[PDB]
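Just the one chain here, laid out as structure tokens, in the form deposited in one PDB entry.
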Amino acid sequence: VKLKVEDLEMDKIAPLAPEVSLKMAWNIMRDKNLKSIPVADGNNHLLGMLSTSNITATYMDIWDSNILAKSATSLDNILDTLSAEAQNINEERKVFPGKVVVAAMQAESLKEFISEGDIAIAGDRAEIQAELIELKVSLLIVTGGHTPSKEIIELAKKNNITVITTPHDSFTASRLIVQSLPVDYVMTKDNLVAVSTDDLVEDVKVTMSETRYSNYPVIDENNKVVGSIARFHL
């Protein structure tokens, strides 16, 4: 009998969940030396492929802010990525709709640069933080590990502004934050070339030579993601 895909020895790795961050994804991938990994849903049906090339394009190619918006990046992803902790959470805002801005300026001229719904990265100055609150940023990120005073926190409570503290400095926090993005915003979703447990190895061969992908997700006869295969397993 000719060989089928299940007859091979492949990478039986658990697919990623679509809500996990680029950062969580890269750690999982790097630690298995994977060039790409499947994404699946709660029922373990194929949603996507995620390549290191996708991650990289996301860093190397961005004019676009509201990126946090378009990706619907969640607060948990930002806290994890910035090793941060929340002092107040607007529990009814799931999306941060504006752009990321380093509040470099002094208090009076912040309005020329920072709008309602923006994500502002500020330092340990109460004056700055109060003005960012009055401007109704969707998220205040305070740097240097300098947890804000109770007065500022109560003002965020009053106005329902999400406020968090990271130990990182503004530069570092600016480099990190894009690692927060969920995989599902970055992964490939269309024209997925998948392979069945029961396809003949000789058929898969043909199929694989048609494209140049590092890996192909393997799906069982019940349509569930079982792992992935590469040219190397042939």
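Only residues modelled in both forms are compared. The term rigid core refers to the most C-alpha atoms you can superpose between the two forms while keeping them within 1.5 Å. Throughout, we count residues from 1 along the sequence that is shown.
We do not show the form deposited in another entry, though everything after this point is about it.
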Worksheet item: If you line up the core, which of 24, 10, 225, 16 has a CA that moves 2 Å or more between the shown form and the other one?
Response: 10
Practice prompt. Could you tell me whether the Cα atom of residue 176 shifts by at least 2 Å between the shown form and the other one after core superposition?
Written response: no
Fill in: Threshold 2 Å Cα movement between the shown form and the other one for residue 202, core superposed
yes
Worksheet, complete the sentence: Once the two forms are fitted on their core, the residues forming runs of at least three in a row with C-alpha displacements of 2 Å or more between the shown form and the other one are 2-10, 196-206, 212-214, 220-223
